[PDB]
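K.L.:
Protein sequences, first through last, are from chains H and L. The first sequence lines up with residues 1 to 131, 137 to 217 when you count with the authors' numbering. Residues in the second sequence are numbered consecutively from 1, following the authors' numbering. One structure, as structure tokens, below. Some questions next.
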Amino acid sequence: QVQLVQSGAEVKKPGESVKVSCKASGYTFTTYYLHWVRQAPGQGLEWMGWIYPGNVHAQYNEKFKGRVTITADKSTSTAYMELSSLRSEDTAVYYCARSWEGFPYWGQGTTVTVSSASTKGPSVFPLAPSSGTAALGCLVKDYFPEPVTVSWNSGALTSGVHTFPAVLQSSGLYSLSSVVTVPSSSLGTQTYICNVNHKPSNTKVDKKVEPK
Amino acid sequence: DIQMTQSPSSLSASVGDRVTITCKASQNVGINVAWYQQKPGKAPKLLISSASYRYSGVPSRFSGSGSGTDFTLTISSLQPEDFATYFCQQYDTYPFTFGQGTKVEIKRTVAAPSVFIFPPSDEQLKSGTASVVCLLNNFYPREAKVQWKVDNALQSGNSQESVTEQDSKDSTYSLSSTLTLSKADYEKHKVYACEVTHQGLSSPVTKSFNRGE
Ligand SMILES: [Zn+2]
Ligand SMILES: [Zn+2]
Numbered sequence: 001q002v003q004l005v006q007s008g009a010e011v012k013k014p015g016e017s018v019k020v021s022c023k024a025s026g027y028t029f030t031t032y033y034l035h036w037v038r039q040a041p042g043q044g045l046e047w048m049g050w051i052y053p054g055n056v057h058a059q060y061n062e063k064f065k066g067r068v069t070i071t072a073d074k075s076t077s078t079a080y081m082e083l084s085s086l087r088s089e090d091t092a093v094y095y096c097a098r099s100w101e102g103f104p105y106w107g108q109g110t111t112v113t114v115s116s117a118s119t120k121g122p123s124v125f126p127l128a129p130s131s137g138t139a140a141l142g143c144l145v146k147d148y149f150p151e152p153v154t155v156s157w158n159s160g161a162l163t164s165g166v167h168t169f170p171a172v173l174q175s176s177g178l179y180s181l182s183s184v185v186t187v188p189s190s191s192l193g194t195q196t197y198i199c200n201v202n203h204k205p206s207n208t209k210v211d212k213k214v215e216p217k
Numbered sequence: 001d002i003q004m005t006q007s008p009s010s011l012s013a014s015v016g017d018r019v020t021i022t023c024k025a026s027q028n029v030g031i032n033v034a035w036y037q038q039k040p041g042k043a044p045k046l047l048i049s050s051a052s053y054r055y056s057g058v059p060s061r062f063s064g065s066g067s068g069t070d071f072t073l074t075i076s077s078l079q080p081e082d083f084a085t086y087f088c089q090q091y092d093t094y095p096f097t098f099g100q101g102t103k104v105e106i107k108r109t110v111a112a113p114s115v116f117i118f119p120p121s122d123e124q125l126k127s128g129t130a131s132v133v134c135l136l137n138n139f140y141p142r143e144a145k146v147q148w149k150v151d152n153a154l155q156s157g158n159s160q161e162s163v164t165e166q167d168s169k170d171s172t173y174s175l176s177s178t179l180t181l182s183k184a185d186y187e188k189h190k191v192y193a194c195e196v197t198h199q200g201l202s203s204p205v206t207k208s209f210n211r212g213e
């Protein structure tokens, strides 16, 4: 079974370099072109280049102005993409992909975030039910980098839950809200707690959300 | 470089419908065109190679046609698993280039949002900033106008919206609009209101509060 497994998420400052790996298995590594493609909102899918591991010839999209280097280790069937002089606009999901009349096989993707921001855990604020259905939530604010995980009542509460995609604020920090709709008649009896985890800052917060 | 332009950028359809997506290349690309399906969080999946050939195992309801500059992907009878974003790509010439994508969403009956407003928490106010959140819950279609007013004056440039993907139970959207101010500014005004216009509402619906109750 053809498999392409990439290295994990990266967070870099502008000016730095990132090197992402792609471990290939289930086929003869030296006989197919391996390409790199990235995806981010606003530029969409963008082709970066290829390597042919049989002779380690590589070719690049001229738009990257020499910033991309693709290499391959035949002994371990691993390809690498290094992107240098990073800018915030290089924030994207990076994929490796095996070519044959298109791209039949893809790696899982590697998120690379490029920002001047420093690691910071979220502030978690209640969105109190006030004003037969009540809405309540938690505002998960001013964290970096992505992602955060949010659950309600330790995962016991999933119906009616909406955790919105994060937005990047002008500060360079992310924010989102998670909300849930519940019966107004439950507000006096049932406890509602949002559980927020931000692994990069070692933040684990449980915030009880009560009527005001 | 060759620009690949897809039409439409999004469409709403029902299960069983015929769906057609077109892709126009800015210069001839022969038949060196591929189509992909992508779902959230996942890599694209190859559907069609060399303009008209289904990739191994792809269901017969998917078909591709065209050559030169004009390409078409057809789904003859849409199934639940087919709601996704679709992309074209050329591999005729360097750099390889992709279309911008066409999102295929689920059609359903109009549903007006329930609207809720949340003042800044006392906790947040302690810390120097004020966020006011307006929630639109379970509406359809996606198009909605959310306008903030402070002391009855229309706002601009100080709010950000976020929208969920279509709900897996009822095919609706939910949306947050967040107004962010300095605490100093927040405390200068009395009335905070979000006004929502949507196809499902006979007239706009306003939710508001008076600062400090
Ligand atoms: Zn809802
Ligand atoms: Zn005022």
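C-beta: ideal position from N, C-alpha, C; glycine also.
Could one say the Cβ of L:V133 lies closer than 7 Å to chain H's Cβ atoms, at least one of them?
P.N.:
So yes, L:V133 belongs to the interface.
K.L.:
Is it right to say L:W148 is buried, meaning 16 or more other beta carbons lie within 10 angstroms of its own, or is it exposed?
P.N.:
That one is buried.
K.L.:
Does the CB of H:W36 have a neighbour CB from chain L at under 7 Å?
P.N.:
For H:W36, the answer is no, since every Cβ of chain L falls outside 7 Å of its Cβ.
K.L.:
Drop a sphere of 10 angstroms on the beta-carbon of L:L154, count the other beta-carbons inside from all chains shown, and report buried for 16 or more, exposed for fewer.
P.N.:
By the neighbour-count rule (16 or more Cβ atoms within 10 Å), L:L154 is not buried but exposed.
K.L.:
Using a Cβ-Cβ cut-off of 7 Å (strictly less than) and excluding sequence neighbours within five positions of L:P40, which residues of its own chain qualify?
P.N.:
For L:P40, where only same-chain residues beyond five positions count, the Cβ hits under 7 Å are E165.
K.L.:
What does L:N152 touch in chain H if you count any residue whose Cβ is under 7 Å from its own?
P.N.:
None at all; the shortest Cβ gap to chain H is about 20 Å.
K.L.:
For L:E123 and H:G26, what's the separation of their Cα atoms in angstroms?
P.N.:
The straight-line gap from Cα to Cα measures roughly 55 Å.
K.L.:
Measuring only between beta-carbons, confirm whether H:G109 sits less than 7 Å from chain L.
P.N.:
Interface residue, yes.
K.L.:
Would you please state the rounded distance, in angstroms, between the beta carbons of H:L181 and H:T168? I believe it to be under 8 Å.
P.N.:
Confirmed, about 7 Å.
K.L.:
Once you ignore the five residues that flank H:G15 on each side, which residues in its own chain have a CB closer than 7 Å to its CB?
P.N.:
Counting only Cβ-Cβ distances below 7 Å, and skipping sequence neighbours, we find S85, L86.
K.L.:
Name, please, each residue of chain L whose Cβ falls closer than 9 Å to the Cβ of H:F149.
P.N.:
None at all; the shortest Cβ gap to chain L is about 16 Å.
K.L.:
Compare the C-beta of L:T164 against all C-beta atoms of chain H and say whether one is closer than 7 Å.
P.N.:
Interface residue, yes.
K.L.:
Does L:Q100 come within less than 7 Å of chain H when only Cβ atoms are used?
P.N.:
Chain H, which has a Cβ nearer than 7 Å to the Cβ of L:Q100, makes this yes.
K.L.:
Do the CB positions of L:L136 and L:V110 come within less than 7 Å of each other?
P.N.:
Taking 7 Å as the Cβ cut-off, L:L136 and L:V110 do not qualify as a contacting pair.
K.L.:
Who are the neighbours of L:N137 on chain H, taking C-beta pairs under 9 Å?
P.N.:
Chain H residues near L:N137: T138, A140, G165, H167, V184, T186.
K.L.:
Would you mind telling me which residues of chain H sit closer than 9 Å to L:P44, beta carbon to beta carbon, in chain order?
P.N.:
Near L:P44 (Cβ distances below 9 Å), the residues of chain H are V37, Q39, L45, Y95, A97, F103, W106.
K.L.:
Could you please go through the chain and list the residues whose beta-carbon is closer than 5 Å to any non-hydrogen atom of ligand 2?
P.N.:
The set, ordered by position in the chain, is L:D151, L:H189.
K.L.:
Straight-line CA distance for H:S175 to L:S50?
P.N.:
Near 44 Å, if we compare the C-alpha coordinates of L:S50 and H:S175.
K.L.:
For H:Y32, does the three-state DSSP call read helix, strand or coil?
P.N.:
Of the three classes helix, strand and coil, the one that applies to H:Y32 here is coil, per DSSP.
K.L.:
Closer than 6 Å: is that where the CB of L:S174 sits relative to any heavy atom of ligand 1?
P.N.:
Yes.
K.L.:
Please check if any C-beta of chain L sits within less than 7 Å of the C-beta of H:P170.
P.N.:
Chain L, which has a Cβ nearer than 7 Å to the Cβ of H:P170, makes this yes.
K.L.:
Counting only runs that start and end within the region 26-101 of chain H, where is the beta strand (DSSP E) found for 3 or more residues in a row?
P.N.:
Those beta strand (DSSP E) runs which fall completely within the region 26-101 of chain H and span 3+ residues are 34-40, 44-52, 57-60, 68-73, 78-83, 92-98.
K.L.:
Using a threshold of 6 Å, is the CB atom of H:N55 nearer than that to any non-hydrogen atom of ligand 1?
P.N.:
False, no ligand heavy atom lies under 6 Å from that Cβ.
K.L.:
For H:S7 versus H:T91, is the C-beta distance shorter than 7 Å?
P.N.:
Against a cut-off of 7 Å, the Cβ pair of H:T91 and H:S7 comes out as no contact.
K.L.:
Could you tell me whether the region 98-107 of chain L touches the region 9-19 of chain L, using the rule of 3 or more Cβ pairs below 8 Å?
P.N.:
As far as the Cβ criterion goes, the region 98-107 of chain L touches the region 9-19 of chain L, which means the pair count is three or higher.
K.L.:
Under a CB-based cut-off of 7 Å, is L:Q3 close to chain H?
P.N.:
So, not an interface residue.
K.L.:
Tell whether a beta-carbon distance below 7 Å holds between H:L83 and H:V68.
P.N.:
In contact: H:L83 and H:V68 (Cβ atoms closer than 7 Å).
K.L.:
How would you call L:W35, buried or exposed, if buried means at least 16 neighbouring beta carbons within 10 angstroms?
P.N.:
Buried is the call here.
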